[PDB]
Every structure is written in structure tokens, then in C-alpha cells.
Amino acid sequence: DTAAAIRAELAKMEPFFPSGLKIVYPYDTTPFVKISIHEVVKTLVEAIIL
Amino acid sequence: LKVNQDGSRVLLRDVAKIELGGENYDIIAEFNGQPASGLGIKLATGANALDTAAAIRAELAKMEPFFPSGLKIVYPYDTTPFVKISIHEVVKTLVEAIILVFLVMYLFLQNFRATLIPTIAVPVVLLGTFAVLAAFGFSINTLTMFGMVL
Amino acid sequence: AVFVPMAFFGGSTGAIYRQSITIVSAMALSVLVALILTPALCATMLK
Amino acid sequence: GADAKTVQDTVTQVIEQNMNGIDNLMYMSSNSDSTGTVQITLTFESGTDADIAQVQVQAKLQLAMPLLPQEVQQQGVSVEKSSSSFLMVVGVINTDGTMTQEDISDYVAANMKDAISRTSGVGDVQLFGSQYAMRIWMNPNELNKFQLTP
Amino acid sequence: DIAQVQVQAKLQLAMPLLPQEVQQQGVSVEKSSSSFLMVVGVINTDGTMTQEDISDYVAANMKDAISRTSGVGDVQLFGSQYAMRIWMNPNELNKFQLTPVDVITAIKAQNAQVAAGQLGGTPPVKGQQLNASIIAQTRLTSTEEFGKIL
Amino acid sequence: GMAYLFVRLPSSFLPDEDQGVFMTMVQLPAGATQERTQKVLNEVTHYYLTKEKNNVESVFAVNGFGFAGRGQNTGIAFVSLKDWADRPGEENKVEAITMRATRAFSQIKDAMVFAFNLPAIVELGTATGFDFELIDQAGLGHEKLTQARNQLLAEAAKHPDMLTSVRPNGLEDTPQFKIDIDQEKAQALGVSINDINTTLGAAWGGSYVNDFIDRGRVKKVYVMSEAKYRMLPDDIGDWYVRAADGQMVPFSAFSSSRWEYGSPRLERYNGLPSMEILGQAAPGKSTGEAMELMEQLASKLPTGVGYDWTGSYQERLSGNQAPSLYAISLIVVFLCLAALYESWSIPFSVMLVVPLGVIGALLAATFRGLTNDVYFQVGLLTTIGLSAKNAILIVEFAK
Amino acid sequence: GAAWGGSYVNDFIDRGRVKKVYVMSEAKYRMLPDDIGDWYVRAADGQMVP
Ligand SMILES: CC[n+]1c(-c2ccccc2)c2cc(N)ccc2c2ccc(N)cc21
Ligand SMILES: CC[n+]1c(-c2ccccc2)c2cc(N)ccc2c2ccc(N)cc21
């Protein structure tokens, strides 16, 4: 949730950038939790069905 | 400051006027065109309001007796008496919401004793609701008191 | 829950639709009062 | 003494580049005056504990206190709990032994004001006038007369 | 939220027992989490710029807003914010008989903001028509103006 | 009809009340003095004493201090009205009292005086109103920001539509007397720049020197100057600094006098230069539309000029709240009419007594000059409750 | 101390924002041990001293 609002500040910053200034995303933990819900709620569903 | 050649002394008074006066001359107040100072007290972002202002008079009451001649306190802009009206007009309204009860209960049932049960029913509920607001956190607000009437 | 859902407040209007609950406490006591007590009095003494 | 541009970067901006690492924060506003006065407001969320937000803020400004002019240091820096409004406003005047818009303002701030501000959780007091001070009005013609400066 | 205060108001009884160099530098008491999470790199593509032009813009637009956002512990800027950098030549110092002590003195004199008072304030003469703030020494802006220091 | 009488019924938050206490502010033009604004606070006190003895018990004027901020350009009187018993009519109550007060201060005055009602509440929640703020995000200054906000105030006031009322908070924009101390001229004749800066700063602005003790209590000691030697621009040269060589040197030797335009109140939002904008939604439109038809005006401005909403609202009460509330309040209700009943008919009976009572609750509020505020938005829910009751009696006893 | 290690002197303003001012030395006059003697302090008697 903290890292969601890291992009909140960052999103209002982009439009007033000089020419060439572009943001890039190395080392990020956000998408790991997106996998742990999309793989568990998937597992969940397969534990029904089965 | 100095001792010039010929033994003469330059003092601080000899170069500058010296009076015991305020450290800020930016603002000065008039109470009805009469010279006045005061205390514009402001709340503390969570304080209990009318209890806080009750103890504003606690300090102030022990101050009065040791005043110079003429020094008298005066009360402009005050929120205290507004809450005294909102209890004395609500507990009045409350009472008129009974009374007006009783009437309708006699009109429909000439049996007295019957007009009595509804007139105990509701006082008891009003009371018990005070006990649950105290238990959950809230106070006797302008809002909660209007919700005793609705 | 005409009351408590509406008393799920959001923002500066926190205590505003909140302080229901003041209402619900009053309702559930008028239920209690009328589930206990009124049953009693009605029998106790009437005609 | 400072003007609007002077306070804006020597105090205002210095504290603003040192107003971070503070739990819960919607926004931060600011003022900078020609009178020589600055006032920031860090507004927090609804129902945020104001007894602790008035510390994370007030121990953070302070890492930028040594980066300010010494004039501001010996003046009153403050971090209090606000309520944009007054409630009790206790006027104070004289009747019989008449006194001025300065004699009254000093007695108010040298007997009653200090006790009022610490009483039942007061946020902040605004004295309507000024406490007395050893005021010295330097004459520049009587300064040149004995070869001297302020 | 409270252990970050008992600690940070205790270090501070030993702040005056430190060198003045450390005081004007950044002392800090923050909440740690031995690790990063979001690491937002920042580069240029078309209008190419350097490992210094980018690090300043990051720490003069986005960094201050990031550190106060949704409860961030501490930010580590990968580079450095810009500063008026001066590289003293010791051969061109001996040429005019000078030391780095004199260089420093001229910066704390010409690069400065002074608080001049105001016309028409503060306790005026009854009948003054105008009241404006006095400006005096203004802080330096560019690399050219630092080159013209005497 | 229930729809028609509801969409038209306008939205407020919470009614403005007679609190036995209101107040009224003062403000003067660029570079006015303590004498000027005290003349205005004097004339204002007469409307409340000479022309309002029946309603006003007292007044507490304060010169050089508005609720905008501070300075000898402002003022503020705190009214304390006589009790409610001695004030009978609507005439003699805050709405009417501050109405002909405002009319009198726009007529027989020549500055800027108002008089406002006392919300209670806090400052916010005006409703059909907003608080914009224009930010400088790029590396421009105060001079290019003033020009940008002027353009946004102009586009707002040149196609409104359906109209508006919009003006800055208080950057009045007044001159400032700059002094240019030449540094090669100073050192030449032998004066320290330290000595010069505490001569101009201590004399004109004052200086907190040291503490003393008056009557036991410790107070401050200030050093400044007699008033007459620091009123005008020509009094600068009367001050003589001492030079190394034991001879006096006037200020005019090194200094240079000239005027310059600045701002007496530089404001900033989220660690960036900024200016507050206080507008209000139209008499027709209301808020959700006004804010979004100010957003497309802000994006039509020069580069390095964004925006952000100080400070109005976060989420309101007719808006995303009320719906969601009633919405859920139905998904229940239908339940517990099932937990004691079983069918698919019992609850749909109770679930259209809802609009029965509602229509009259509107009607009345729509007829007499009230509005959809908080108090009406809770008698609304006390009705579904009393309707359910009355109805459910019909249902339970018959089933 | 100011030459080899630098010294935080005073604050200035670049593009509105207030930043720092540092004083140090060109890189080449502070790399090795023999560059110590190239710095000349001033003595009371107005003459240089290595
Ligand atoms: C937002 C604070 N907060 C919480 C709360 C919410 C989330 C976590 C912890 C406490 C709260 C939680 C429960 N159950 C019941 C009442 C309140 C409440 C009531 C009034 C208020 N003015 C703030 C309130
Ligand atoms: C009419 C808008 N409006 C209000 C206002 C009036 C009633 C309710 C809310 C705001 C206003 C209120 C106070 N106190 C001080 C100054 C102004 C103001 C100043 C200039 C302007 N061009 C419109 C202004």
C-alpha cells in the first residue's frame, strides 16, 4: 500500500519532466505479491473443482 | 557607553529615550471604544470544549482578588452559553414529547393506568442509551442529543 | 441496518452519520424494555 | 524585522527540506510574511493521534534548527495543536483607576496568561497586545554627537 | 512511534557537546528496515544528461515528496543534490597572498540574507501614509555571481 | 415524482445557525498604515453601537490582525449579541444583522469590509464551493507564477458558463524599498559589513538583545529607534556608521535607494511555491462540475504549472457515500425479513413502503425553504424504520 | 580541513530551491602526501608560510 502511493507522488511528477527524462523500474517487490494472490486463489479454485 | 577625553560621561539615556513599553506594537484592541487587552484562547484539537472553558474560569477566579484598582473582567465572544441552550432546549423538547404522549394515550384508552406504561418505557431507554455511548467512546454531543429525540 | 451501514462514515463527516448507533442503542433497548418489563407491567397491573 | 523573501528561504524552506519520515500525511501548507512570520500546517488523517503527530513533526523541524539564523533561535519556535477558531475570549479593561492599551496588556501577560495556557489542555493563546519590555529608542543625531553606533 | 522519540530526545541532551560541523550537518532518528523495496531508477534518452544533472533533478522535485509519502522510513539518494561547488587553487592563492579562511569569510558576508526593517512600522508617528518592507542583502543565485565575489 | 422532487432539492451539509455571536473582518489596500485601518474599525463599531443598540451587547475590535493573516493592513471586530429573549424577530437575528451590515460597509466605506456568519463546524464544508491551488512544479519563480494564476482567474471569468465567483486568497502585491549596499565602496573607507548590517537591522526592524527582570518576572529587552528617524526613505542617510579610522560615515555614501515590486505573503504547498485560490460553484451548478471545469483551465496554462486541491474535500456525503450507505442498508433489511419469514414476497412488500413515506418527507423539505442536509438525511432513515414497523405489523399479523 | 576534506560554509538558492555551498580544492592539489606543502597559510606579519 505504501509502494502504491510511491507511484501516487511519482505519477504527478512525470508530466513536468525535461526532454529525455524517463522512469525505469529495477528491483521491485510489488509484483511478487501479485503472484502470491494469483497463485493461491488459483490453487484455492483447483481445490474446489477437484 | 563612553568616557570622552574631558572626563564627561555619555550615558544610554543621553543618546536614547527609555520607557517601559510593549515588545510588539503591531496590534491594539478596543472594547466598545475603550482601551483593552485580552486572551483569545483556542482549542486543542481533541480537547473537551465546555469542560476546558469551565477550567478557564478556574484559573481566572483565583486571579481576580489580586487585581489593581479598576481592573475588571468582561466576556465578549463566548461559546459556553450556546451548549446551555442546547440542553435546556432538547430536555424541554424531550419533556414535551412525553406530556403530548399521555394525551394521545388517554384519548384512545380512557383507562388511566394504561397511560403510564408508555410513560416509563421511554424514560428508561433514554437512560440506557447514555450508558452505551459512554462505553463506546462518544460524548453528549449536539448530534447525539438530537438522536435522543429522533 | 438502515442505521449502522449508514453509520460506516467516511472522512470529516465521520461523527455525522455515525452518532445512528446512538439510535441503535436506543432501538435495542426499546426492544429489551419491551421484551422484558412491558410484558411484566402489562400483566402486573392493567384493568 | 525580516521581509517576506527573507523568511521564505532562511526559515520556511529549511524546515520543509526536513519535514519527512512522519507517519500519516495528507499534505503540507505554508505562509511567509513581510512582518517576519512563518506558519506551516501538517494535516494528518481523520482520527489520527494528535498527541504523537505533535512530536514526529516537532523533532524533525529540529534537525534544521541549527540551519536557521540565530535571531529565529532566540525567538519563539513552536509546535502546537491547532483548531482554526477561538472559543472563550476574555476581555480586560479598567474603570476607576484608569490605565492604558499597554499597562493592561502587560498585567494580562504577567499573572493570568501563563496560568491560562497550561490550564485544562489549551492549544495556543493569542495575547491581544504585548507583554512589557525594556524598550530603548535610539536617537541617531545624539549618536553621531559622541561618535557612536547601535 | 514512541521509541523513535525517547531515543531522539536524549541524543539531543548531547547535541551541544558535539562539533558545530555535525550540528549544521544532518543528524537524524528514523525507523529502519535493513532492506529496500521500490528502487526507482531515473535516466535520460533523447536530450542526454549526466550522472549529476539527473541526480539533482531527482533530489529537487521528486525526493522530498517521496520521503513524506505513505510512511516512508528513509530515502537513500543515489548521487547528490546540486551545490555551489568551489575548487580552490592553492597556487593562485599564494599569488595574491591569501588563505581558504578569507575565501570562507567572503561567502559569509556577500552570500547572505539580512533582515532590514520597514518604512512606516512598527509603532509609527500618528499620520503616516505608507508602510512597506525593506529589502537588503539577497542570497546569490548563479555561478556567475559567485565568480564576482570580491 | 419522488425522483423529480429529489434531484431538484439542492444539497447542503449542515445549516448555519444563530450562535448569539458573530464577527466581521477588515482589510485595507496596498501599503496602508495603523492610522488608516483604525479609522475603518472605528466606523464599523458605530454601526453596532449607534445603529444596533437593541441587538448588540458589546464589540471587541482588534487593529492590525485579520483572519487572513497579519499586518497593519487588516482588522477584526468580535461581536457579542444580546441574548435570544431580547431579540424577537427574524430581523433581529444574525442573517438579517450581517446583511444590512455588509450593505453599510460597501456603501459608506472606501477600503474592504465584509462581515460573515459563524458556521460552527469548521472552515470547510461550504458546499457548492471549493478551494483550488496552483503549484509551480518546474524551476520558475514567483513572477511567472503570478502571471499564470492571473490567466486562470481570467479564463474562469470570461466563459462562465454556468457562471462562478473566483478570486485569490491574499497576494495583494505591494512595493518594497530595496537598499543596495556596495561592497567595494564600504571596505574602501573602512567600514565592516557586520557593523553596517546591525545598524540597519537593529534601527529599522529592532533587535532582541538580552533579558532583564521587571517586578520579579523575566522579560525581554529591545533596541530600535525613535519613531521619527525611521518613517521615510530619506531618513536612511541620517544614520552614521563608524569606520576603522575613527571617523563617521553616512549611509548615503555606500547605499543606493530604489523601489521594487514583491509580495507580502508568499505561500507554499507540499514543499513548493504556490498560491491559494478561493472560488465557489455556480448558483446553478454544484461542486462536482465546477471543480472539473476548473481542471481543464489549469492544464491549458504555461509549462511548469500544475495543480493540487488544498485542503474540499476527500469524499463527501451526497457523493460516493450516501449511495453506498442506502445501497448496503437495502441488501440487509431484505434480510432479517427472511431470517424470521421465508418467502420471496414478504420482503418485497416492505421494500416498497420505502418510497411511500419518503415522498412526503421530500415535499415538506422541498416546500418550506429547507434543503437536503444532514438532519433531513437522517429523518429519511428514521422513516424506512417506522414504515417497516407499521407495514410489518400488517404483514406479521396477517401471515 | 577545508582544503582536503571540504567545509559546509553557507546556503544559497538555485532555481528557487535552497541548497548548500561547499569549499574545497581542485582535485590535483590534494591527491598525494607531497601536495601538503603547496598550501601557504598567512602569518600575522603579512608573509606566506608553507
Ligand atoms: C479510524 C479510527 N477509529 C476506529 C479504528 C479504525 C481502524 C483501525 C483501528 C481503529 C474505530 C474502530 C471501531 N471498531 C469502532 C470505532 C472507531 C472510531 C470511532 C470514532 C473516531 N473518531 C475514530 C474511530
Ligand atoms: C463572494 C466571494 N468572496 C468571499 C466570500 C463570501 C461569502 C461566502 C464565502 C466567501 C470573500 C469572503 C471573505 N471573508 C473575504 C473576502 C472575500 C472575497 C474577495 C474577493 C472576491 N473577488 C470574492 C470574495
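Every read-out reported here was derived from the displayed coordinates using simple, explicitly stated rules and does not represent laboratory data. Positions of Cβ are backbone-derived with ideal geometry, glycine not excepted, and every protein chain shown enters the neighbour counts.
One equal scatterer on each Cα of the stretch D:1-131, no solvent, Debye formula: the resulting log10 I(q)/I(0) at q = 0.09, 0.10, 0.13 Å⁻¹ is -0.36, -0.44, -0.71. The spacing between the stretch F:183-200 and the stretch E:1-79, judged by their C-alpha centroids, is 40 Å. The stretch D:1-65 and the stretch F:61-81 have their alpha-carbon centroids 25 Å apart. In this calculation the C-beta distance from B:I120 to F:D16 is compared with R0 = 56 Å, giving a FRET efficiency of 0.90.
Both numbers refer to the Cα atoms of the stretch F:39-107; Rg and Dmax are 12.9, 39 Å. When the protein assembly as shown is described by a simple charge dipole with +1 on each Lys and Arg Cβ and -1 on each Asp and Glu Cβ, the residue from B:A55, E:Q137, D:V125 located farthest towards its positive end is B:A55. Backbone N atoms of the stretch F:123-154 closer than 12 Å to the 7 Å Cα→Cβ label point of E:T141 belong to residues F:140-144. Evaluating 6.51 cos²θ - 1.76 cosθ + 1.60 at θ = phi - 60° for every residue in the stretch F:316-321, the Karplus couplings come out as 8, 10, 5, x, 5, 6 Hz, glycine and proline recorded as x.
For the stretch F:131-185, the extents of the C-alpha atoms along the principal axes are 62, 25, 19 Å, listed from largest to smallest. Counting every other Cβ atom within 10 Å of each residue's Cβ, F:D308, G:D11, A:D28 order from fewest to most as A:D28, F:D308, G:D11. Relative contact order, whole percent, for the stretch B:42-149 stands at 25, derived from Cα pairs under 8 Å and 6 or more residues apart.
A convex hull fitted around the alpha carbon atoms of chain F yields 268 Å³ per residue. Cα convex hull, the stretch F:92-211: 307 Å³ per residue, rounded to a whole number. The Cβ shell under 14 Å around F:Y208 holds other residues with a net charge of 0, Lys and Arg each +1, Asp and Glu each -1.
Taking label points 7 Å from Cα along the Cα-to-Cβ direction, B:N48 and F:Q247 give a separation of 7.5 nm. Distance between the modelled labels on D:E80 and B:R57, one decimal in nanometres: 2.3 nm (7 Å Cα→Cβ projection). The alpha carbons of the stretch B:1-41 occupy a box of 56, 21, 13 Å along the principal axes, longest dimension given first. In chain F, the DSSP-assigned H stretches of four residues or longer account for a calculated mean residue ellipticity at 222 nm of -10000 deg cm²/dmol, using -39500 (n - 2.57) per stretch and the full residue count as denominator. For the segment B:122-129, counting C-beta atoms of other chains within 10 Å of every residue's C-beta and taking the mean gives 5.
Panel note: the C-alpha atoms of chain E, placed on their principal axes, show extents of 62, 51, 44 Å (largest first). Sequence-ordered 3J(HN,Hα) estimates for the stretch F:125-134 from the Karplus curve with 6.51, -1.76 and 1.60 and θ = phi - 60° stand at x, 6, 6, 6, x, 8, 9, 6, 7, 9 Hz, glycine and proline given as x. Among the GluC sites (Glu not before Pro) found in chain A, those both in a DSSP coil and sparsely packed, with 10 or fewer other Cβ atoms within 10 Å of their Cβ, are A:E39.
Using alpha carbon centroids, what distance separates the stretch C:1-25 and the stretch B:50-65, in Å? For the stretch C:1-25 versus the stretch B:50-65, the Cα centre distance is 35 Å.
Counting 0.36 nm for each residue step from F:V221 to F:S256 and taking away their Cα separation leaves a gain of 9.5 nm. Close amide H partners of F:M275, meaning residues 5 or more places away or on another chain with modelled amide H under 5 Å apart, are F:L134. In this structure, F:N194 and D:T43 have a Cβ-Cβ separation that, at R0 = 35 Å, corresponds to a calculated FRET efficiency of about 0.25. Once backbone amide H atoms are built at 1.01 Å from N, F:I76 has F:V26, F:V62, F:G64, F:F65 as its partners under 5 Å, excluding neighbours fewer than 5 places away on the same chain. Measuring nothing but how far apart in sequence close Cα pairs (under 8 Å, 6+ apart) lie, relative to its length, the stretch D:1-46 scores a relative contact order of 45 percent. Computed over Cα pairs, the Kirkwood radius of chain B leads via Stokes-Einstein (1.002 mPa s, 20 °C) to a diffusion coefficient of 95 µm² per second. Bridging of F:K219 to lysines at a Cα separation below 30 Å is possible for B:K2, B:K17, B:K42, B:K62, B:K72, D:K5, D:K60, D:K81, D:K113, E:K10, E:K126, F:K228, once same-chain residues fewer than 8 apart are set aside.
About the centre of its Cα atoms, the stretch F:55-181 shows a dipole size close to 220 debye [charges on the beta carbon of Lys, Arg (+1) and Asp, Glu (-1) only; nearest 20 debye].
Relative to the first principal axis of the alpha-carbon coordinates of chain E, what is the inclination of helix E:100-110, with its axis defined by its Cα atoms, in degrees from 0 to 90 and to the nearest 10? Between the helix axis and the principal axis of chain E, the angle is about 70 degrees. Eigenvalues of the alpha-carbon gyration tensor of chain G, scaled by 5 and square-rooted, set the equivalent ellipsoid semi-axes at 28, 16, 7 angstrom, largest first.
Over the C-alpha trace of the stretch F:30-69, radius of gyration and Dmax come out as 11.9, 37 angstrom.
I'm checking a number: the convex hull volume of the Cα atoms of the protein assembly as shown, normalised per residue, in Å³. What is it? Write down the numbers at each step before the final one.
Details: hull volume 254.7 nm³, N = 996.
Taking the convex hull of the Cα positions in the protein assembly as shown, it is 256 Å³ per residue.
Considering the options B:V125, E:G147, D:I15, tell which one lies farthest towards the positive end of the dipole of the protein assembly as shown, charges being +1 on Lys and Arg and -1 on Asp and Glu at the Cβ, about the Cα centre. Most positive-ward Cα: B:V125.
Can you figure out the FRET efficiency of F:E342 with B:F130, using R₀ = 45 Å and their beta-carbon distance, to the nearest 0.05?
Approximately 0.75, to the nearest 0.05.
Sparsely packed loop sites in the stretch F:233-304 (the trypsin sites (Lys or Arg not before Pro) outside DSSP H, G, I, E and B with at most 13 other Cβ atoms within 10 Å) comprise F:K300. Charge dipole (Cα centre; +1 on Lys/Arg Cβ, -1 on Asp/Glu Cβ; no other charges) of the protein assembly as shown amounts to roughly 1800 debye.
Remark: relative contact order (chain E) = 15 percent; criterion is Cα-Cα distance under 8 angstrom and separation of 6 or more residues.
For the stretch F:14-21, putting each phi into the Karplus relation 6.51 cos²θ - 1.76 cosθ + 1.60 with θ = phi - 60° gives couplings of 6, x, 8, 10, 6, 10, x, 5 Hz, in residue order, rounded to whole numbers and with x for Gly and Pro. Mean residue ellipticity at 222 nm, helices only, chain D: -4500 deg cm²/dmol; runs of at least 4 DSSP H residues each add -39,500 (n - 2.57), and the sum is divided by the number of residues.
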